[PDB]
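When reading the values below, keep in mind they use all heavy atoms of this one structure, side chains included, and skip hydrogens, waters and symmetry mates. Chain A is the first sequence line, chain B the second, and so forth, proteins listed ahead of strands; every chain is numbered from 1.
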Amino acid sequence: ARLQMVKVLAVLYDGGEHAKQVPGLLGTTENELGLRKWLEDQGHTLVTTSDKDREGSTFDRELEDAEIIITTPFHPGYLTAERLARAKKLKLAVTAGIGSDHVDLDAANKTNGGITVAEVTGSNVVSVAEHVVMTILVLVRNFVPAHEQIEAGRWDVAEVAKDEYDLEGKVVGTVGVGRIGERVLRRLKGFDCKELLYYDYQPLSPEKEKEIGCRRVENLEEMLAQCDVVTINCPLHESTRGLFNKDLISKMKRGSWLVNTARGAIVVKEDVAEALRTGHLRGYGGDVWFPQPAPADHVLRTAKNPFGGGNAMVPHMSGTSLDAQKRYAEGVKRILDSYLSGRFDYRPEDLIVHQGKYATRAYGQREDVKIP
Amino acid sequence: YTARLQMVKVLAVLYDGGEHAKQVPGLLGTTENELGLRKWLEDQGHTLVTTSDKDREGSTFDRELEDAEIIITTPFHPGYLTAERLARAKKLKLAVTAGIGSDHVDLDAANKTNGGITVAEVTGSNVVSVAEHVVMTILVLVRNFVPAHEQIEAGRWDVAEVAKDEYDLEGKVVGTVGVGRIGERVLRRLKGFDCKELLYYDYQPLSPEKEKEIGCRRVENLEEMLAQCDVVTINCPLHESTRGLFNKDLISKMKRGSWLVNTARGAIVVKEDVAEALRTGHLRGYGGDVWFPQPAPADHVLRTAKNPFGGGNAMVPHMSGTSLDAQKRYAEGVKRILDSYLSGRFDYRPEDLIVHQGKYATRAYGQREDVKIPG
Ligand SMILES: NC(=O)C1=CN([C@@H]2O[C@H](COP(=O)(O)OP(=O)(O)OC[C@H]3O[C@@H](n4cnc5c(N)ncnc54)[C@H](O)[C@@H]3O)[C@@H](O)[C@H]2O)C=CC1
Ligand SMILES: NC(=O)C1=CN([C@@H]2O[C@H](COP(=O)(O)OP(=O)(O)OC[C@H]3O[C@@H](n4cnc5c(N)ncnc54)[C@H](O)[C@@H]3O)[C@@H](O)[C@H]2O)C=CC1
């Protein structure tokens, strides 16, 4: 028996005129992931908002009787313990994308009998892996200040060649070798890095290690000390919040490059900025911030190395490329259909928490994980 | 025993590193560091004059080239060896490029100068560096990085504004014009990105084994290739048949909203035609590091041209082949070529020669009859 007259609340980013001009912007308040007719034809209701941060936000009002809440990491409705305690009807929290750390998952497990938190696993992992390799190259090859010199009408090859290196012969390490981290290594293979390294408590198979040509390092600090480039590709959970602080960054090589497309809160922003300021890091880049939207005065918008380069920051966009949005929009529909049909026939890999327990190994090494 | 040549006048035209080249000694290809050649030459009894002053009427270059026996140039700051200048270079026997691409020499005039001068370059020295730069530039354009970074530095936040022109490289068709040392290395780096297809156009094909190893397909007609690609990268030398190749007519054969990358030479494109294609949205993006002439004039149109959304420009100064890792290799290669000449052996690597003994010594500067490949 299908569930009936279900209230769905979606918190998405505002596409303004862009989302009218470019209909491929599915993940916007304008286009609503292409869900509205599909839901309404079944007798369900959909409320969509981008208003999610202020006291008495539309989000705060609507979450009190939503049965399904759709969020998206690029404009995250933070499902705090306080909000979940007020979400009296909530059964399913769907992430339109990947990374459900904007939900208090421990509170979700104690809410309304244990809510299901699902995301579209695999939907945008290629998009992010491409973004990582791009960002690595932009930082290593000193692109940003070089492009700024050209647009300013200047010409000084030595000024920007003095901090320009090749990625060939450099050691690159990934923190996390899941769907993104493995795909990063697969794209780096053709660049003839000296070594490709990873750190993860969930290792690659020996066959994948040989196919890609990479090596597992058992200790994070020992990996950092060997790398020229470090890329962060793990989820945000209690043990990764503030992991990259001044003490851990100090284990990276002087003049190294750090890339973070995972989550902003995995780094300590003031520690990254200080490392750049003194030249301990040559560069930092990526697309993720805490909180989002990034405050207008966030220090990593403008932090530079001592040469006035080393910043390859963008807004949170890598996982919301036009190609990615088509995939996560289709995946949200599939998850919604699992719930609304009354089958509850979720793909196991889509579940983060379910029936009062963690349903993943990827949010830290836990006891009391129930894989369905 | 062969007798070494004696008291040879070497002229080097290199870029000025200012304070940078004192701070960072790895800037070898500068007037400050002289490719690490000075002691090595002087200990043999040779002389070295080095300058960056190469463009103005009565430049140091113009004065010194009249009795230089060896002229070292570098593409990043090219001493243009015009027919007029070569006619005045009465002692010139060897022109060495510190890097790759010798189109800043009039090679037809070089073949008629002093019985045919040797023009050599450091083949392979910075091909990896450039191929990396191409893949970086493709990703920067496809993923709309530049306006996104600008939004952040300005204190703004609007994901839709920059995601609306953000694509993945996965599933796109990429084609290279030229599948030589750089073009092949571009395709090798693109392999892991799961492009829909990798294409090339070159009258010198890859072996069938390499086509299958990389996973790429030869297209027999350039316009046929362009019409199939989402991304086009130019990786061929500048010669008569590639000067102005990418004009309005050829660019019109590319797909609407395509991305064009040029790390080869600026004069292979018609800059006004690229700018117009970008401005009308026929190109989504143009990027690379090469310009004509160099240094690029301060008002060069491709410094500031944008697509209709205010993005699509990934231009940098001529730097990809002069990364710190590249400079170590081409500096060592220039020394090797100089030693072949100065030793009196003339035992050049064949692949380093562009013209030699009055004939083209390469197949890469157009399909020619009267090519004499040494060996
Ligand atoms: N910038 C963007 O738009 C996007 C960012 N993401 C972020 O990237 C994360 C990873 O995504 P996937 O690779 O698809 O997830 P995944 O679940 O396939 O892989 C994550 C890996 O991280 C590992 N990990 C967990 N804690 C770790 C630690 N302390 N040290 C090293 N490894 C650890 C897990 O064991 C797992 O193998 C997401 O959770 C999300 O936060 C994902 C997609 C979009
Ligand atoms: N941006 C930078 O710093 C650098 C740029 N370059 C430029 O890249 C060029 C290529 O370098 P490599 O690949 O090392 O040379 P290469 O000689 O190995 O390969 C060039 C290829 O282009 C092909 N070609 C010639 N005319 C063509 C046409 N009309 N259509 C298609 N293919 C054509 C040749 O047949 C040859 O296979 C250099 O000649 C130089 O102009 C090279 C190094 C540094």
Self-check item: Neighbour count above 12 (heavy atom, 6.0 Å) for B:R336 CZ
Solution: yes
Quiz item: Is the shortest side-chain N to carboxylate O distance from B:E213 to B:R188 below 4.0 Å?
Solution: yes
Quiz item: Does a side chain donor of either B:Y365 or B:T242 reach within less than 3.5 Å of an acceptor in the other side chain?
Solution: no
Quiz item: Yes or no on salt bridge (charged side-chain N to carboxylate O under 4.0 Å, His left out) for A:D192 and B:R185, after CA distance, side-chain angles and deciding distance?
Solution: CA-CA 11 Å; A:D192 293 349; B:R185 285 171 174 77; over 6 Å; no
Exercise. Identify the two heavy atoms, one from B:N126 and one from B:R329, that lie closest to each other, and give their separation to 0.1 Å.
Key: CA-NH2, 4.3 Å
Practice problem: Check the angle between the aromatic planes of A:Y165 and A:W257 and answer parallel, tilted or perpendicular using the 30° and 60° thresholds. | Solution: perpendicular
Self-check item: A:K251 atom NZ: more than 12 heavy-atom contacts under 6.0 Å
Solution: no
Quiz item: What distance separates B:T30 OG1 from A:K162 NZ, expressed to the nearest 0.5 Å?
Solution: 12.5 Å
Practice problem: May I ask you to establish whether B:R218 and B:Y200 are in a cation-pi arrangement, using a distance under 6.0 Å from NZ or CZ to the six-membered ring centre and at most 45° from the ring axis? | Solution: no
Self-check item: side chain to side chain contact (heavy atoms under 4.5 Å, CB included) assessment of A:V177 paired with A:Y199
Solution: CA-CA 7 Å; A:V177 77; A:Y199 173 80; over 6 Å; no
Quiz item: For B:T176 and B:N235, does a side-chain donor sit closer than 3.5 Å to a side-chain acceptor?
Solution: yes
Quiz item: Under 4.0 Å between a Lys/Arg side-chain N and an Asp/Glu carboxylate O for A:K170 and B:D325?
Solution: yes
Quiz item: So, A:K304 and B:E153, do they make that salt bridge, N to O below 4.0 Å?
Solution: yes
Quiz item: Within the distance-only criterion (no hydrogens, no angle test), does the side chain of B:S343 pair as donor or acceptor with the backbone N or O of B:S340 below 3.5 angstrom?
Solution: yes
Quiz prompt | Heavy-atom donor-acceptor pair, B:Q294 side chain to B:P75 backbone, under 3.5 Å | solution = yes
Quiz prompt | Shortest non-hydrogen contact between B:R303 and B:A296, atoms and distance | solution = NH2-O, 3.0 Å
Quiz item: Looking just at side-chain N and O atoms, do B:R143 and A:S127 make a donor-acceptor pair shorter than 3.5 Å?
Solution: no
Quiz item: Between atom CG of B:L28 and atom CG of B:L324, what is the distance when rounded to the nearest 0.5 Å?
Solution: 8.5 Å
Quiz item: Is it true that the side chains of B:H104 and B:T73 contain a donor and an acceptor less than 3.5 Å apart?
Solution: yes
Practice problem: Indicate whether any N or O donor in one side chain lies under 3.5 Å from an N or O acceptor in the other, for B:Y286 and B:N313. | Solution: no
Exercise. Look at A:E207 together with A:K210 and state whether they make a salt bridge at an N to O cut-off of under 4.0 Å.
Key: no
Quiz item: Can you name the closest pair of heavy atoms from A:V157 and B:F76 and give their distance?
Solution: CG2-O, 4.2 Å
Quiz item: Does A:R277 come within less than 4.0 Å of A:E274, counting only side-chain N to carboxylate O?
Solution: yes
Quiz item: Between A:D166 and A:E168, is there a donor-acceptor pair closer than 3.5 Å when you use the side chain of the first and the backbone of the second?
Solution: no
Quiz item: Can you check side-chain hydrogen bond (donor to acceptor under 3.5 Å, both in side chains) on B:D289 and B:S320, steps first, answer last?
Solution: CA-CA 7 Å; B:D289 63 331; B:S320 66; 2.7 Å; yes
Quiz item: Taking atom types as modelled, is there a side-chain donor on A:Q226 or A:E195 under 3.5 Å from an acceptor on the other?
Solution: no
Quiz item: From B:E121 CD over to B:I354 CD1, what is the distance, rounded to the nearest 0.5 angstrom?
Solution: 3.5 Å
Exercise. Would you name the heavy atoms of B:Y15 and A:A161 that are closest together and state the gap between them?
Key: OH-CB, 4.3 Å
Exercise. Would you mind telling me which of A:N142, A:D163, A:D228 makes a side-chain hydrogen bond (donor to acceptor under 3.5 Å, both in side chains) with A:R282?
Key: A:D163
Self-check item: Side-chain (A:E209) to main-chain (A:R215) donor-acceptor, under 3.5 angstrom
Solution: no
Quiz item: Ion pair present between A:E182 and A:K208, side-chain N to carboxylate O less than 4.0 angstrom?
Solution: yes
Practice problem: List the atom of B:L141, the atom of B:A314, and the distance in Å for their closest heavy-atom pair. | Solution: CD2-CB, 3.7 Å
Quiz item: How many angstroms lie between atom CD of A:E159 and atom CG of B:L27, to the nearest 0.5 angstrom?
Solution: 11.5 Å
Quiz item: Under 3.5 Å, is there a donor-acceptor pair between the B:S102 and B:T97 side chains?
Solution: yes
Quiz item: Got a second to check how far A:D200's CG is from A:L220's CG, nearest 0.5 Å?
Solution: 11.0 Å
Quiz item: Is a side-chain donor or acceptor of B:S323 paired with a backbone partner of B:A326 at a separation under 3.5 angstrom?
Solution: yes
Practice problem: Starting at CE of A:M252, measure out to CG of A:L224 and round the result to the nearest 0.5 Å. | Solution: 6.5 Å
Quiz item: Which pair of heavy atoms, one from B:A120 and one from B:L353, lies closest together, and at what distance?
Solution: CB-CD2, 4.2 Å
